[PDB]
Every structure is written in structure tokens, then in C-alpha cells.
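Shown here is one chain on its own, the form deposited in one PDB entry, set out as C-alpha cells.
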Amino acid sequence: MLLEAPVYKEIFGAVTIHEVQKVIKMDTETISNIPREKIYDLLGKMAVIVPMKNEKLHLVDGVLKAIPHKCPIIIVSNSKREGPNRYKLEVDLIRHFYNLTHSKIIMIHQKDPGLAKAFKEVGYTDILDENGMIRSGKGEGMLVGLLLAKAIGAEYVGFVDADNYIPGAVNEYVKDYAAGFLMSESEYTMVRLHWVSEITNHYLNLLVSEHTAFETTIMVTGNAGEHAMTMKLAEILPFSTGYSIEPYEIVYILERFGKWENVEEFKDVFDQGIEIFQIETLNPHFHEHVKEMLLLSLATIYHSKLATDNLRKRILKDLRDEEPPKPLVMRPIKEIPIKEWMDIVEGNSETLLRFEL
């Protein structure tokens, strides 16, 4: 692959946000050259997590068929389990798919009681609802996929949505993730793909412009659902849910590493730095309350130890023209004895499906 070289960028404390780069050429033997083979090497160390809930089976099928064989696939379904039992429909698709491709894949249902059991017996209750079960939501699904990914030794994790109309785009996202990591110089790296979102980008940059003093545009992937991170970085990040996930990752990262403090708490991170790559894909986005998305994204910014007295004012008046709801946040999953957690997920979960993984 060929991409524009990473030239321009801005720094905030220990955070480096690279200017968006374009993919210049897809298949390859001011321009970065990431050989196709270095990408396939990294691919084998990247878990592609797919949190899903009632998506169209023909779309899920295409996304699955597009993920590079090399990549382990982790599916966390919070699909409807009755009248009709759709998890059941997905289980069937997954095995047919495995029978035709031998892809390495793990699938589990979010409501698996053997899953909720591992979280408690391990002390991690941040992901449970009042009925003692894992709360429905996208962040929780991502958290489960994340731990599963850690349990199999993944070094990188990429997120992909199962309702893409363009399988080829999914194939490019994964490769673009790899490309982002291969151009990184830090073990704490995030890759966010790019092709409302501007209002989120407008305020995220503003979140910063208000103490650098200079208006910026550098941030352009604030609602980037298609993103990837190294396991090291994912594991120390508190996660939100719903539409707050993407913008919140950015807000938290600046909040905690935008200045230098408690450097002792996260030594290696402050020293190695956090890099955020923003790659503009070659393919367009096509998939299938803009008001909630919009309110939750901005709520993420309005509520930080870093939003100014004035920044909040505009958001407010922008939203109105009664404050924004504080976003649900779950603690990092780093201090979870992954093995113990996995042992009891394996010995108690009734929906876990393993195929050569």
C-alpha cells in the first residue's frame, strides 16, 4: 500500500495527533510505502472485533467474507434471542461460513449468563445492569470482545460494523489499520478511519483550541466507528457506550495525557507517547436519532475536566438553539486477570463458539 506520508501533526502533552492521510495506492509490492507483506504479518496479530445486534444476515455474511483470512474474528452478538431466536440464525451462518472458509472465529452472546459470571467473580461490575446480567450496549460488547481478544493473545484490535454494504471496504479498513500501526513509533497507537461528524470534530478541536490559543482542524475522525488500537492502549482506556464511544476515546486521551501528571501511574505511556493516526479510506461509507448521537457526542465534551467555561456555553446554546446527560463510563479492563476471567467464561458460557481459535 501507498499512503501520503505523515508530515503535519500536532502535539498535546504526550498525545500526538497526525494529520489525516490518504491511501494513494491499494495493492503494493511525500509517500509512505507500506509493503503488502508487512501488512499481512501484522494482520495475524490483529483481532477484528465485530459487536453486532440484529443486523441483516446477508450483510454480516459479506463483511465476514471480506475480512482477511489471516485475521482472527471475534463476534459479540447482543442479538434478539427469541421470537425469533436470531442468535440462533447467526450461529448457523457462522458455522456454514466456517465450513466454507475455515476462518478462525469466536462468537458469544452478550447476555450469556456464564459471561456475566466471569465479570463478577473477577470484581469487574462496571458492565452489569440491575438484573446481574451484562448491560446491553455497544461499549459492553466491545469490552467483551476486547477481553476475548486479549485471551487469545491479540496484540492489536480493529473494530468493524457488520452492516456495511461494501465488503471490500471492510477489507480495506483492516489493511488501513495495519498501515496505521506500521507507520507508528509507539506501542500505544490508535488508527481511525475517515471518508454532525463535523460538529463533533468542530468541538473536539475547540476543546483544544481553548488553551493552545490556536484554532485547529487536525481532528477529523471524532465519530470514527471504524478504528483500531494496540492492545496496550485499549486495555488502559475507560470506555463509554452508545454514540459516546468514539468521541469519548479522544476526550479521555487528551484529558489524561494532554498535560503531564501522575506520569508515575502510566509511566510507559507518558514516555512512549500516544499516537493517533487518521487515515482517509479509498472506499466510500455505506451501511444499514441523529439527535442523540449529536447530544451524546457533545455531552462527552461538555463534561470534561478540560472543557472551558466558554466552550460549554456555546455547546449548550448550540444544542438548545437543562444540561447534557453525563456519559456512562466503565473502567479500564487492564487489571482483570484475563486467564481467570477466560477460564470461567469457557466453563460456564452456553453460547460461546470456537472455530480453530
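Shifts are known only where both forms have a C-alpha. Rigid core here is just the name for the largest C-alpha set that superposes within 1.5 Å across the two forms. In this text, residue numbers run from 1 along the sequence as written.
What follows is about the form deposited with a small molecule bound, which we do not show.
- Proximity of residue 77 to the small molecule in the entry with it bound falls within the 4.5 Å heavy atom cutoff.
- The small molecule is not drawn, but in the entry with it bound it has no heavy atom within 4.5 Å of residue 255.
- At the 4.5 Å threshold, heavy atoms of residue 161 reach the small molecule in the entry with it bound.
- Remark: residue 189 does not count among the residues lining the small molecule in the entry with it bound, judged by a heavy atom distance of 4.5 Å or less.
- Judged by heavy atoms within 4.5 Å of the small molecule in the entry with it bound, the contact stretch among the candidates 301-309, 53-61, 324-332, 39-47 is 53-61.
- Checked against the small molecule in the entry with it bound, the candidates 86, 138, 117, 150 yield a single residue with a heavy atom inside 4.5 Å, and that residue is 138.
- Contact with the small molecule in the entry with it bound, judged by any heavy atom within 4.5 Å, is made by just one of 259, 287, 81, 211: 287.
- Annotated contacts: 110, 243 and 293 all touch the small molecule in the entry with it bound [non-hydrogen atom within 4.5 angstroms].
- Core-superposed comparison between this form and the one not shown: residues with C-alpha shifts of 2 Å or more form a single run of three or more, at 241-243.
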